[PDB]
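Working through the structure, step by step
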Amino acid sequence: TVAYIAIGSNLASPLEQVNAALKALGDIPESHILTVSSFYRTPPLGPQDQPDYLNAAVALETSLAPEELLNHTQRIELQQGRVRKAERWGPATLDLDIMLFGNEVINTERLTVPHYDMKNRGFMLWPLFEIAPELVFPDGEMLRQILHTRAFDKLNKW
Ligand SMILES: Nc1ncnc2c1ncn2[C@@H]1O[C@H](COP(=O)(O)CP(=O)(O)OP(=O)(O)O)[C@@H](O)[C@H]1O
Ligand SMILES: Nc1nc2c(c(=O)[nH]1)N=C(CO)CN2
Ligand SMILES: [Cl-]
Ligand SMILES: [Mg+2]
Ligand SMILES: [Mg+2]
C-alpha cells in the first residue's frame with residue numbers, strides 16, 4: 001500500500017532534519033520510498049511565536065499495518081529530538097504525519113486517516129499534489145479539484 005507522509009520541521013536546522021528523516025523513512029522495514037516532494041518554507045499555522053516550517057511530502061510503499069508504520073514514524077521523530085509541550089501546534093524538530101494510507105479510512109484512538117486537517121492545509125496538499133497529482137481521496141474527491149477550488153496560496157521553495 002502507498003502511504004503518503006507529511007514532513008514538517010521548524011526547529012534545529014529544518015533542512016538537516018528533513019534530510020535525516022528521509023534517510024530514516026527509507027530504512028523502515030518492509031517499506032520503500034516511492035516519491036519525494038520539493039522542500040517548501042511555510043509560515044506557521046497556529047501560534048506565531050515559532051519559526052517558519054520546512055514542509056515536504058513522501059510516498060512510501062509498505063506492507064506494514066498502519067499503526068506499525070506510525071510506531072516507526074514516531075520513533076524517527078524521537079531519534080530527531082522531538083519534544084511535545086502542552087501548547088497545541090507548537091514547533092517541532094520533526095513532525096511526521098500520515099496523510100493517507102492507500103485509500104483506507106482509519107478511525108482509532110491512536111490514528112485517524114485521512115489526516116483530520118489536511119484538506120485545510122496548503123502546506124500538506126501542495127507537496128502531496130506535486131508527488132500524486134492524480135490522487136483521489138477515499139470520499140471520492142479529487143486532490144487537483146480541491147486545490148483549484150480552495151485556491152490556497154502557492155508555496156515558496158525552502
Ligand atoms: N494520521 C495521523 N498521523 C500521525 N499521528 C496521528 C495521526 N492520527 C492520529 N495521530 C496521533 O496524533 C498524536 C499527536 O501527534 P502530534 O504530532 O503531537 C500532533 P501534530 O502533528 O503536532 O498536529 P497536527 O496533527 O494538527 O498536524 C500521535 O500520538 C498520534 O497517535
Ligand atoms: N506551516 C506549518 N504550520 C504547522 C505545521 C506544518 O507542518 N507547517 N504543523 C503543525 C502541527 O503539526 C502546526 N503548524
Ligand atoms: Cl476523504
Ligand atoms: Mg504529528
Ligand atoms: Mg502535524
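Residues numbered from 1 in each chain as written, not as in the entry; some residues may be left out. Chains lettered and ligands numbered in written order. Heavy atoms only, no water.

Moving on: the site of ligand 1. Every one of the 15 residues lining ligand 1 counts as a neighbour, but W89, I98, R110, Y116 and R121 are closest to it. Side-chain polar atom of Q74 to an oxygen atom of ligand 1: 3.3 Å apart, as the coordinates give it. Its free accessible area being 640 Å², ligand 1 has 73% of it covered by the protein chains. Looking at the shell around ligand 1, the elements that each hand over two or more residues are α2 (66–79), β5 (95–101) and β7 (112–113). Here the shell around ligand 1 is composed, by residue class, of six nonpolar, three polar and six charged. (Near = heavy atom within 4 Å. Polar contact = N/O pair within 3.5 Å; in protein donor to acceptor, adjacent residues only side chain to side chain. Areas by Shrake-Rupley, 256 points an atom, 1.4 Å probe, with all protein chains shown as cover. Helix = DSSP H or I, 4+ residues; strand = E, 2+ residues; numbered from the N terminus. Nonpolar A, V, L, I, M, F, W, Y, C, P; charged D, E, K, R; others polar.)

A few words on the packing of helix α1 (residues 14–25) against α2. The interhelical angle for the contact between α1 and α2, taken along N-to-C directions, is 140°, at an axis separation of 10 Å. The chirality of how α1 crosses α2 is right-handed. Counting all contacts with α1, which are made through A21, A24 and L25, the residues of α2 involved are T73, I76 and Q79. Split by residue class, the contact of α1 with α2 holds four nonpolar, two polar and no charged. (Axes fitted to C-alpha atoms, helices over the stretch in contact; angles between N-to-C directions. Left-handed = near helix turned anticlockwise from the far one by under 90°. Contact = heavy atoms within 4.5 Å.)

It is worth spelling out the coordination of the magnesium ion (ligand 5) at this point. Protein ligation of the magnesium ion (ligand 5) involves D95 (OD) and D97 (OD), the donor distances falling in the range 2.0 to 2.1 Å. Between the magnesium ion (ligand 5) and the magnesium ion (ligand 4), a spacing of 3.5 Å is present, and a bridge between the two is formed by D95. (Donors = N, O, S within 2.8 Å, 3.2 Å for Na, K, Ca; no water.)

Now for the coordination of the magnesium ion (ligand 4). Looking at the magnesium ion (ligand 4), the protein donor atoms are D95 (OD) and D97 (OD), and they sit 2.1 Å from it. A relative accessible area of 16% places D97 in the buried class. (Buried < 20%, exposed > 50% of the residue type's maximum accessible area, 1.4 Å probe, protein only.)

Another aspect to go through is the nonpolar core. Among the nonpolar cores identified, the biggest contains 24 residues, and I5, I7, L25, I28, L69, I76 and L96 are the most heavily contacted of them. Of all the elements in the fold, those that place two or more residues in this core are β1 (2–9), α1, β4 (53–62), α2 and β5. Among the elements that take part in this core, α1 stands out by supplying five residues, more than any other. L96 has contacts with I5, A6, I7, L25, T73, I76 and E77, leaving out every residue within four places of it along the chain. Listed in part, the 20 residues of the second largest apolar core include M124, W126, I131 and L147. (Core = buried A, V, L, I, M, F, W, Y, C linked by side-chain atoms within 4.5 Å.)

Here we take up the side chain of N10. Looking at the element boundaries, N10 is found in the loop between β1 and α1. Among the polar contacts made by the side chain of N10, one reaches the main-chain carbonyl oxygen of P51 at a distance of 2.9 Å. Separated by 2.9 Å, the side chain of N10 and the backbone nitrogen of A92 make a polar contact. In contact with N10, other than residues within four places in its own chain, are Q50, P51, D52, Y53, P91 and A92.

For the structure on display, the rule yields one aromatic pair. Aromatic pair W126 and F129: ring centres 6.3 Å apart, planes at 70°, arrangement edge-to-face. Of this pair, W126 and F129 both sit in helix α3 (residues 122–131), three residues apart, which is roughly one turn of the helix. Classification of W126 as buried rests on a relative accessible area of 15%. In this arrangement the basic side chain of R88 is found over the ring face of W89, its NZ or CZ atom lying 4.6 Å from the centre. A cation sits over an aromatic face here: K119 above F137, 5.8 Å from the ring centre. (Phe/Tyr/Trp six-rings, centres within 6.5 Å; stacked < 30°, edge-to-face > 60°. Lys NZ or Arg CZ within 6 Å of the ring centre and 35° of its normal.)

What follows covers the pairing of β1. The buried count for β1 comes to seven of eight residues, which makes it a mostly enclosed element. Relative to β4, β1 runs antiparallel, the two being bridged by eight bridges. In the strand pairing of β4, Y4 is matched with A59. For β1 and β5, the ladder comprises six bridges, and the chain directions are antiparallel. The residue bridging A6 from the neighbouring strand is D97, located in β5. (Pairing = 2+ DSSP bridges.)

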